[PDB]
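Down below is the structure, laid out as structure tokens.
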């Protein structure tokens with residue numbers, strides 16, 4: 001996690017916090033890349049999610065709408 005991507009972007013706040021909400025941005029914006037979303041889409045794999053349901057039901061529960069994070073924006 002803590003690593004430089006283009007100078008200094010070390011951020012180990014990946015999970016479902018405020019800083020995480022800003023992540024979906026790249027997923028909702030075409031400015032990002034396929035490899036950019038594949039990084040967050042793999043999270044459910046390490047967390048052990050059942051599917052889109054358990055994937056969205058999680059963030060939503062916390063109070064964050066990540067429905068547009070499912071490679072649909």
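Numbering (the entry's author numbering), first residue to last: 1 to 73. Using N, Cα and C, we set each Cβ at its ideal position, and we do this for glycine too.
Taking the beta carbon of residue i as the centre, do at least 16 other beta carbons fall within 10 Å, making it buried, or is it exposed?
i, result
"residue 27", "buried"
"residue 52", "exposed"
"residue 18", "exposed"
For residue i, tell me which candidate among the options has the shortest Cα-Cα distance.
i, options, result
"residue 15", "52, 53 and 42", "42"
"residue 22", "52, 3 and 64", "64"
"residue 37", "17, 54, 48 and 66", "66"
"residue 71", "20, 29, 8 and 19", "29"
"residue 68", "8, 5 and 40", "40"
If I measure Cβ to Cβ from residue i and keep anything under 6 Å in the same chain, skipping five residues before and after, which residues do I get?
i, result
"residue 32", "26"
Under 7 Å Cβ to Cβ from residue i, same chain only, skipping five residues before and after it: list those, please.
i, result
"residue 73", "27 and 28"
Worksheet item: What are the start and end residues of each continuous alpha helix (DSSP H) run of 4 or more residues lying completely inside the stretch 26-50, in chain order?
Response: 34-41 and 43-47
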